[PDB]
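The residues making up each chain are set out below.
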Amino acid sequence: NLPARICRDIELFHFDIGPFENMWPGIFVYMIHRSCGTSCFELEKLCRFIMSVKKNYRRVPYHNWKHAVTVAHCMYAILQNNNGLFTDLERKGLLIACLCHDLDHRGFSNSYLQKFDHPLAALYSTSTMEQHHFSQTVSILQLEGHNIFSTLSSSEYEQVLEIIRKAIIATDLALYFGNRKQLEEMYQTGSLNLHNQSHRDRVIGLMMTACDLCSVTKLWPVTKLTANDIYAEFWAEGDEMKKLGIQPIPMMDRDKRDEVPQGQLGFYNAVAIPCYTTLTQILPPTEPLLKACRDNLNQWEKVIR
Ligand SMILES: COc1cc2cncnc2cc1OCCc1ccc2ccccc2n1
Ligand SMILES: [Mg+2]
Ligand SMILES: [Zn+2]
């Protein structure tokens, strides 16, 4: 059972999951039980599932088991603060999608895989890693005793896998730019309709970006240390690009590491702030994410001064 400090702090958007890995599963179960119900998943089956998902995450600096659970917590926080909007099945599927959304990530982008001519890129031409993460998710469900949706009907099962599939694919940031533009026009024309399945899919997609990006919504000491992990992977991919005979983009070039603050400014401007701004417009209780993003932009501006 959860420590009293975590019972309180877990409800904050800026919660950090801590360095104790054996606690992360209990944190996720509590999150599922609080959002979905304890009558929802059989405990042993869900535990079996969680530990296999863990096992198929890699020892990479950033896109690891910790990140999975952190993205799921952000989703939990969004869902707790917007009671009545999402169905039980949506809530179940979104938390599970978040836990799985980076399954078997190698710390390299879709662009590197394409350039490498990895087998996976011939299989999945667009959103390569994300199609793979979802394939992995399915393969784990299909393991003996790992089907956490076994009490659902065939229909609900197909429905929740579809919810999971679109949410994982939406974690391909390449898709976020289009999705956010569609959403922003819907907002401003008064045309967003959460009873329209295609609009609903968009909002969920944006929630998935928001959760996936949530390092920028933590308090600054957390945000600042997390950027160490993010760049550790980007710089490794840049080393790999150099080895293919290809100049990496500056973000991945460790020789341009002094330009990190400027690069962070760019990201907050072009991606993070518009993301949380659009999210708060659709879901006003998500405002603390946007406030914390702005605070972090200011800190990056301070670093530059
Ligand atoms: C919190 O920071 C980031 C989170 C991400 C999350 N997903 C995908 N890309 C992400 C990128 C992020 O920042 C990289 C920003 C960036 C851009 C150009 C750069 C050029 C040179 C040096 C550093 C740079 N940094
Ligand atoms: Mg990803
Ligand atoms: Zn992720």
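Thresholds, definitions, all that
- Residues numbered from 1 in each chain as written, not as in the entry; some residues may be left out.
- Chains lettered and ligands numbered in written order.
- Heavy atoms only, no water.
- Donors = N, O, S within 2.8 Å, 3.2 Å for Na, K, Ca; no water.
- Tetrahedral: all angles 85-135°; square planar, octahedral: opposite > 155°, others 65-115°.
- Helix = DSSP H or I, 4+ residues; strand = E, 2+ residues; numbered from the N terminus.
- UniProt positions renumbered as here; feature names shortened; annotations may be inferred.
- Contact = heavy atoms within 4.5 Å.
- Near = heavy atom within 4 Å.
- Polar contact = N/O pair within 3.5 Å; in protein donor to acceptor, adjacent residues only side chain to side chain.
- Areas by Shrake-Rupley, 256 points an atom, 1.4 Å probe, with all protein chains shown as cover.
- 1 Å grid on protein atoms, 1.4 Å probe; cavity = no way out; pocket = protein on both sides within 12 Å on 5 of 7 lines; lining within 4 Å.
- Sits in = over half its atoms within 2 Å of the grid points.
- Nonpolar A, V, L, I, M, F, W, Y, C, P; charged D, E, K, R; others polar.
- Salt bridge = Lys/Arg side-chain N within 4 Å of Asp/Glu carboxyl O.
- Expected span 1.5 Å × (residues − 1).
- Buried < 20%, exposed > 50% of the residue type's maximum accessible area, 1.4 Å probe, protein only.
- Arc of directions from axis to C-beta.

**Quick word on the coordination of the zinc ion (ligand 3)**
1) Next: Every protein donor of the zinc ion (ligand 3) is accounted for by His-67 (NE2), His-101 (NE2), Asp-102 (OD) and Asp-212 (OD), and the metal-donor separations fall at 2.1 to 2.2 Å.
2) Next: Metal-centred angles of 85 to 177 degrees between the four donor atoms at the zinc ion (ligand 3) mark the site as irregular.
3) Next: Here the donor residues of the zinc ion (ligand 3) are spaced in sequence according to H-x33-H-D-x109-D.
4) Next: Here the zinc ion (ligand 3) and the magnesium ion (ligand 2) are spaced 3.8 Å apart, linked through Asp-102, which binds each one. Placement of the pair is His-67 in helix α4 (residues 65-80) and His-101 in the loop between α5 (88-100) and α6 (110-116), with a sequence separation of 34 residues.

**Considering the UniProt feature "active site" in the protein**
1) Next: Mapped onto this numbering, the UniProt entry gives "active site" at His-63.
2) Next: With respect to the helices and strands, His-63 occurs in the loop between α3 (43-55) and α4.
3) Next: Non-local contacts of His-63, meaning those with residues more than four positions away in its chain, are made with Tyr-57, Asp-102, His-105 and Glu-233.

**A closer look at the site of ligand 1**
1) Next: Taken together, the neighbourhood of ligand 1 is formed by 14 residues, with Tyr-231, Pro-250, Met-251, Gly-263 and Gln-264 sitting nearest.
2) Next: Between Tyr-231 and ligand 1, the recorded distance is 2.9 Å, taken from a side-chain N or O atom to a nitrogen atom.
3) Next: A distance of 3.2 Å separates an oxygen atom of ligand 1 from a polar side-chain atom of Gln-264.
4) Next: Taken by itself ligand 1 offers 560 Å² of open surface, and the protein chains cover 81% of this.
5) Next: Put simply, ligand 1 lies in the largest pocket.
6) Next: Here the element with the most residues in the shell around ligand 1 is helix α13 (residues 260-282); it accounts for four residues.
7) Next: Grouping the constituent residues of the shell around ligand 1 by class yields ten nonpolar, two polar and two charged.

**Overview of the pattern of salt bridges**
1) Next: Summed over all chains, the structure comprises 15 salt bridges.
2) Next: Between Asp-295 and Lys-291 there is a salt bridge whose closest N-O contact spans 2.8 Å. Taken together, the residues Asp-295 and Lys-291, both in helix α14 (residues 287-304) and four residues apart, mark about one turn of the helix.

**Some points on α3**
1) Next: Here α3 is 13 residues long and its end C-alpha atoms lie 18 Å apart, about the 18 Å a rise of 1.5 Å per residue gives.
2) Next: Every buried residue of α3 is accounted for by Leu-46, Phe-49, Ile-50, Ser-52 and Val-53. The buried side chains of α3 occupy one side of the element, clustering within an arc of 170 degrees when seen end-on. In α3, those exposed residues whose orientation departs by more than 90 degrees from the buried face are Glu-44 and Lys-55.
3) Next: Looking at the buried residues of α3, the elements they touch are α2 (24-36), α4, α5 and α8 (128-141).

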